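Enquirer: This is the structure I want to talk about, given as structure tokens.
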Amino acid sequence: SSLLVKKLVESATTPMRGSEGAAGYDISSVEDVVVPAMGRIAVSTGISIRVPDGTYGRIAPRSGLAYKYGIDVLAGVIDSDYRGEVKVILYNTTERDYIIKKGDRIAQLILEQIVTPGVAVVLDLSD
Amino acid sequence: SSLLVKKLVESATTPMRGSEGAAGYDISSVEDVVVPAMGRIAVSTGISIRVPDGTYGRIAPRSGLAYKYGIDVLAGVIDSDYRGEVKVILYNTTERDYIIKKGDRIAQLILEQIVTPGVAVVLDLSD
Amino acid sequence: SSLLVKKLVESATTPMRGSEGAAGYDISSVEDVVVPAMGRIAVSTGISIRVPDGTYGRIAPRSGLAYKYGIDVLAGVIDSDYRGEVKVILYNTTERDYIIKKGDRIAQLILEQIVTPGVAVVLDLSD
Ligand SMILES: O=c1ccn([C@H]2C[C@H](O)[C@@H](COP(=O)(O)OP(=O)(O)O)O2)c(=O)[nH]1
Ligand SMILES: O=c1ccn([C@H]2C[C@H](O)[C@@H](COP(=O)(O)OP(=O)(O)O)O2)c(=O)[nH]1
Ligand SMILES: O=c1ccn([C@H]2C[C@H](O)[C@@H](COP(=O)(O)OP(=O)(O)O)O2)c(=O)[nH]1
Ligand SMILES: [Mg+2]
């Protein structure tokens with residue numbers, strides 16, 4: 001029901017929500033790195049999570065970094081049984097490099113509800 | 001419960017759904033612009049929204065523009081408490097430019113259900 | 001309620017989930033192709049689906065292909081009334097080409113819950 005969070009390093013930051021009606025929790029870097037121009041990387045968050053059953057955690061793009069620096073968020077699907085560290089793959093769509101300092105909010109964890117019903121095979125999906 | 005929509009300009013178009021089983025509402029441009037090759041922009045929708053509590057609005061990619069012109073949708077997370085204008089950041093993955101005329105469907109607003117439970121810290125997520 | 005699946009070719013593979021807490025079903029290619037460097041394509045899955053009402057199927061990025069080969073997933077929104085073949089548009093963010101063999105897991109189908117309430121127009125979203 002609640003969102004579980006295991007801290008893996010000193011700096012690690014307990015995911016929180018920027019506001020009441022906020023769609024997601026703030027995922028932040030625990031490392032100083034550089035998302036190279038037209039390049040990509042996996043940033044360290046220093047944390048591992050367990051999204052509530054009946055949902056999966058989506059690593060979603062932060063508006064600011066997107067509009068101003070053209071930072072895209074690759075991958076992003078964290079399954080509810082996954083126990084490893086959350087990595088945030090970042091793609092720099094720009095010709096310019098982009099710098100990340102420990103503590104910067106690099107993304108947001110949205111807890112999206114899904115369904116995992118069984119799969120039946122048919123010959124006709126209509127009607 | 002319903003999807004609220006405040007119109008900000010003349011041209012603004014009340015978000016609607018292309019069909020009964022449609023996943024989202026049609027977000028359209030209220031400006032004539034050009035998403036430059038290997039470039040990006042924030043298109044004006046002329047509208048502000050309030051997605052139903054218990055969800056957030058996702059600006060999602062339209063299939064056609066994606067397959068034919070390689071148009072990607074950056075950012076995209078609209079929180080339920082946000083009151084400003086909805087901007088649709090578009091990334092042109094192609095070497096060719098791409099033109100948008102007022103009224104063109106530039107994306108789709110999907111209302112996705114999420115959860116915002118409190119966050120507990122543990123030492124072990126398993127078991 | 002269940003996830004319907006119509007097989008369109010010999011090779012077609014009945015979508016399954018890699019694990020109990022898995023967020024999505026494994027979508028795989030039924031064709032040998034190459035996502036060109038800084039290029040994109042629509043891969044054939046040999047299948048058509050009908051996601052449960054009250055949800056839409058999201059073609060989501062697979063972590064491995066993202067981190068190691070910089071493969072992004074364009075479009076991705078499959079509506080619940082859609083009856084055609086599921087195509088997986090893939091964008092190669094790298095300078096290197098990328099090869100897909102029949103049977104390779106090219107993505108994952110996440111069944112996300114949404115809402116499609118009516119749309120009301122207001123002058124003020126706040127309060
Ligand atoms: O593609 C997008 C993504 C977000 N927003 C809106 C929704 C959200 O409520 C607000 C967020 O701005 P911000 O998050 O406060 O700035 P930042 O992302 O740098 O924290 O911008 C858009 O209009 N278009
Ligand atoms: O990556 C994708 C995205 C969408 N579709 C399917 C789902 C949807 O039901 C249909 C939509 O085609 P369209 O929306 O009618 O064309 P357009 O996007 O130009 O409106 O295509 C795919 O097969 N692959
Ligand atoms: O941006 C992402 C996407 C996924 N994961 C985690 C969540 C998931 O549980 C695990 C999946 O690794 P994998 O799927 O087993 O490898 P592959 O994608 O090649 O199947 O990686 C991340 O840390 N960051
Ligand atoms: Mg993307």
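Ligands are numbered from 1 in the order shown, chains are lettered A, B, ... in the order of the structure tokens, and residues start at 1 in each chain.
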As a quick test: using only C-alpha atoms and all ligand atoms, which residues lie no more than 10 Å away from ligand 2? Give them as a PyMOL selection string.

Expert: (chain B and resi 18-19+21-23+26+61-68+105-108) or (chain C and resi 42-45+47-50+56-60+73-90)

Enquirer: For the residues in the current selection, export C-alpha atoms as a PDB file, in the first residue's frame.

Expert:
```pdb
ATOM      1  CA  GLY B  18     -11.710  10.372 -31.340  1.00  0.00           C
ATOM      2  CA  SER B  19     -13.801   7.314 -30.487  1.00  0.00           C
ATOM      3  CA  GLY B  21     -12.658   3.054 -26.915  1.00  0.00           C
ATOM      4  CA  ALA B  22     -10.187   5.905 -27.343  1.00  0.00           C
ATOM      5  CA  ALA B  23      -7.471   6.094 -24.703  1.00  0.00           C
ATOM      6  CA  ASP B  26      -7.212  15.201 -28.729  1.00  0.00           C
ATOM      7  CA  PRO B  61       2.443  10.885 -28.710  1.00  0.00           C
ATOM      8  CA  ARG B  62       0.132  10.576 -31.679  1.00  0.00           C
ATOM      9  CA  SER B  63       0.890   7.507 -33.792  1.00  0.00           C
ATOM     10  CA  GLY B  64       0.706   9.216 -37.177  1.00  0.00           C
ATOM     11  CA  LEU B  65       3.119  12.054 -36.448  1.00  0.00           C
ATOM     12  CA  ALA B  66       5.491   9.515 -34.918  1.00  0.00           C
ATOM     13  CA  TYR B  67       5.703   6.968 -37.706  1.00  0.00           C
ATOM     14  CA  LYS B  68       5.641   9.448 -40.610  1.00  0.00           C
ATOM     15  CA  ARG B 105      -3.910  17.463 -33.460  1.00  0.00           C
ATOM     16  CA  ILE B 106      -0.409  17.540 -31.980  1.00  0.00           C
ATOM     17  CA  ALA B 107      -0.960  14.991 -29.200  1.00  0.00           C
ATOM     18  CA  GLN B 108      -3.446  13.219 -26.939  1.00  0.00           C
TER      19      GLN B 108
ATOM     20  CA  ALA C  42       7.776   0.047 -37.261  1.00  0.00           C
ATOM     21  CA  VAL C  43       8.487  -3.566 -36.284  1.00  0.00           C
ATOM     22  CA  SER C  44       5.962  -6.337 -36.933  1.00  0.00           C
ATOM     23  CA  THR C  45       4.606  -8.219 -33.917  1.00  0.00           C
ATOM     24  CA  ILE C  47      -0.424  -9.856 -33.395  1.00  0.00           C
ATOM     25  CA  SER C  48      -3.511  -7.710 -32.703  1.00  0.00           C
ATOM     26  CA  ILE C  49      -4.948  -7.074 -29.244  1.00  0.00           C
ATOM     27  CA  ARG C  50      -7.888  -5.846 -27.223  1.00  0.00           C
ATOM     28  CA  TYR C  56      -5.255   1.205 -22.823  1.00  0.00           C
ATOM     29  CA  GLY C  57      -2.166  -0.771 -23.755  1.00  0.00           C
ATOM     30  CA  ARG C  58       1.136   1.087 -23.594  1.00  0.00           C
ATOM     31  CA  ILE C  59       4.004  -0.092 -25.735  1.00  0.00           C
ATOM     32  CA  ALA C  60       6.799   0.525 -23.283  1.00  0.00           C
ATOM     33  CA  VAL C  73      10.011   3.796 -28.188  1.00  0.00           C
ATOM     34  CA  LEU C  74       7.998   6.339 -30.193  1.00  0.00           C
ATOM     35  CA  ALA C  75       4.181   6.479 -30.260  1.00  0.00           C
ATOM     36  CA  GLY C  76       3.106   3.550 -28.101  1.00  0.00           C
ATOM     37  CA  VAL C  77      -0.561   4.307 -27.372  1.00  0.00           C
ATOM     38  CA  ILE C  78      -2.846   1.420 -28.352  1.00  0.00           C
ATOM     39  CA  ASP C  79      -6.531   2.199 -27.835  1.00  0.00           C
ATOM     40  CA  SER C  80      -8.972  -0.392 -26.568  1.00  0.00           C
ATOM     41  CA  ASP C  81     -11.090  -0.334 -29.721  1.00  0.00           C
ATOM     42  CA  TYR C  82      -8.166  -0.647 -32.132  1.00  0.00           C
ATOM     43  CA  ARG C  83      -8.197  -3.894 -34.088  1.00  0.00           C
ATOM     44  CA  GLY C  84      -5.184  -3.661 -36.369  1.00  0.00           C
ATOM     45  CA  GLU C  85      -1.719  -5.151 -35.908  1.00  0.00           C
ATOM     46  CA  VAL C  86       0.429  -3.780 -33.105  1.00  0.00           C
ATOM     47  CA  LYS C  87       3.474  -2.030 -34.589  1.00  0.00           C
ATOM     48  CA  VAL C  88       6.401  -0.985 -32.377  1.00  0.00           C
ATOM     49  CA  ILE C  89       8.004   2.207 -33.682  1.00  0.00           C
ATOM     50  CA  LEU C  90      11.669   2.195 -32.639  1.00  0.00           C
TER      51      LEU C  90
END
```

Enquirer: Write out as a PyMOL selection string each polymer residue whose atoms come within 10 Å of residue 98 (chain C), counting only C-alpha atoms; drop sequence neighbours fewer than 5 positions from it.

Expert: chain C and resi 33-37+39+65+69-71+92

Enquirer: Store the residues picked out above in a file with N, CA and C atoms, as a PDB file, in the first residue's frame.

Expert:
```pdb
ATOM      1  N   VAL C  33      14.860  -7.308 -38.883  1.00  0.00           N
ATOM      2  CA  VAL C  33      15.015  -5.955 -39.400  1.00  0.00           C
ATOM      3  C   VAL C  33      16.175  -5.258 -38.737  1.00  0.00           C
ATOM      4  N   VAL C  34      16.397  -4.017 -39.151  1.00  0.00           N
ATOM      5  CA  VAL C  34      17.473  -3.211 -38.599  1.00  0.00           C
ATOM      6  C   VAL C  34      17.022  -1.777 -38.329  1.00  0.00           C
ATOM      7  N   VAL C  35      17.095  -1.367 -37.065  1.00  0.00           N
ATOM      8  CA  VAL C  35      16.722  -0.013 -36.702  1.00  0.00           C
ATOM      9  C   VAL C  35      18.006   0.753 -37.005  1.00  0.00           C
ATOM     10  N   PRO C  36      18.037   1.478 -38.139  1.00  0.00           N
ATOM     11  CA  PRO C  36      19.211   2.251 -38.556  1.00  0.00           C
ATOM     12  C   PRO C  36      19.666   3.306 -37.559  1.00  0.00           C
ATOM     13  N   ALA C  37      20.968   3.586 -37.563  1.00  0.00           N
ATOM     14  CA  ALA C  37      21.529   4.587 -36.667  1.00  0.00           C
ATOM     15  C   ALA C  37      20.731   5.872 -36.876  1.00  0.00           C
ATOM     16  N   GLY C  39      17.984   6.460 -36.774  1.00  0.00           N
ATOM     17  CA  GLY C  39      16.820   6.174 -37.587  1.00  0.00           C
ATOM     18  C   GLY C  39      15.678   5.569 -36.802  1.00  0.00           C
ATOM     19  N   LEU C  65      17.544  -2.918 -23.975  1.00  0.00           N
ATOM     20  CA  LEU C  65      17.770  -2.277 -25.265  1.00  0.00           C
ATOM     21  C   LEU C  65      18.013  -0.786 -25.129  1.00  0.00           C
ATOM     22  N   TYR C  69      21.801  -0.083 -26.144  1.00  0.00           N
ATOM     23  CA  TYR C  69      21.808   0.316 -27.539  1.00  0.00           C
ATOM     24  C   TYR C  69      21.102   1.619 -27.856  1.00  0.00           C
ATOM     25  N   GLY C  70      20.642   2.308 -26.809  1.00  0.00           N
ATOM     26  CA  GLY C  70      19.950   3.570 -26.989  1.00  0.00           C
ATOM     27  C   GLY C  70      18.734   3.472 -27.892  1.00  0.00           C
ATOM     28  N   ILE C  71      17.857   2.504 -27.634  1.00  0.00           N
ATOM     29  CA  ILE C  71      16.648   2.327 -28.438  1.00  0.00           C
ATOM     30  C   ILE C  71      15.437   2.960 -27.729  1.00  0.00           C
ATOM     31  N   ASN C  92      16.440   4.707 -33.012  1.00  0.00           N
ATOM     32  CA  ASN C  92      17.818   4.395 -32.651  1.00  0.00           C
ATOM     33  C   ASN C  92      18.525   5.721 -32.376  1.00  0.00           C
TER      34      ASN C  92
END
```

Enquirer: From the list B:119, B:125, B:99, B:27, which residue is nearest ligand 1 when using only C-alpha atoms and all ligand atoms?

Expert: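 Among the listed residues, B:27 lies closest to ligand 1.
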
Enquirer: Have a look at A:9, A:16, A:109, A:4 and name the one nearest to ligand 3; count only C-alpha atoms and all ligand atoms.

Expert: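 Among the listed residues, the smallest separation from ligand 3 belongs to A:109.
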
Enquirer: Select, from A:52, A:2, A:12, A:72, the residue with the minimum atom-to-atom distance to ligand 1, counting only C-alpha atoms and all ligand atoms.

Expert: A:72

Enquirer: Which one of A:55, A:13, A:1, A:93 sits closest to ligand 4 if you count only C-alpha atoms and all ligand atoms?

Expert: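 So, comparing all the options, the nearest one is A:93.
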
Enquirer: Which residues in chain B does DSSP call strand (DSSP E)? List them as number ranges by chain.

Expert: B: 3-7, 24-28, 33-35, 40-44, 47-50, 55-60, 71-73, 77-78, 87-92, 98-100, 105-113, 119-122

Enquirer: Can you pull out the residues contacting residue 113 (chain A)? Cut-off 8 Å, using only C-alpha atoms, and skip same-chain residues under 2 positions away; I want them as a list in words.

Expert: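 What passes the distance filter is residues 54, 55, 56, 111 and 115 of chain A; 112, 113, 114 and 115 of chain B; 112 and 113 of chain C.
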
Enquirer: Hey, can you spit out that residue selection with C-alpha atoms as an mmCIF file, in the first residue's frame?

Expert:
```
data_model
loop_
_atom_site.group_PDB
_atom_site.id
_atom_site.type_symbol
_atom_site.label_atom_id
_atom_site.label_comp_id
_atom_site.auth_asym_id
_atom_site.auth_seq_id
_atom_site.Cartn_x
_atom_site.Cartn_y
_atom_site.Cartn_z
ATOM 1 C CA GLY A 54 -1.296 -3.462 -8.611
ATOM 2 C CA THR A 55 0.984 -0.787 -10.044
ATOM 3 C CA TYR A 56 4.425 -0.184 -11.443
ATOM 4 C CA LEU A 111 2.960 5.217 -9.367
ATOM 5 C CA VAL A 115 -3.827 -4.765 -14.605
ATOM 6 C CA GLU B 112 -3.963 7.818 -16.127
ATOM 7 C CA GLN B 113 -4.848 6.552 -12.643
ATOM 8 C CA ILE B 114 -2.093 6.635 -10.030
ATOM 9 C CA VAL B 115 -1.572 6.360 -6.300
ATOM 10 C CA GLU C 112 -2.572 1.016 -17.752
ATOM 11 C CA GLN C 113 -5.847 2.059 -16.108
#
```

Enquirer: So which bits of chain A end up alpha helix (DSSP H) when you DSSP the backbone, as JSON, numbers by chain?

Expert: {"A": [63, 64, 65, 66, 67, 68, 69]}

Enquirer: May I ask which of the residues C:97, C:117, C:51, C:7 is the closest one to residue 25 (chain B), counting only C-alpha atoms?

Expert: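 Once distances to residue 25 (chain B) are computed over only C-alpha atoms, the minimum belongs to C:117.
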
Enquirer: Can you work out which one of C:123, C:40, C:91, C:11 has the shortest atom-to-atom distance to chain A, counting only C-alpha atoms?

Expert: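 Closest to chain A of all the choices is C:91.
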
Enquirer: Quick one: distance from CA of residue 116 (chain C) to CA of residue 24 (chain B) in Å, one decimal?

Expert: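 Going from CA of residue 116 (chain C) over to CA of residue 24 (chain B) covers 7.5 Å.
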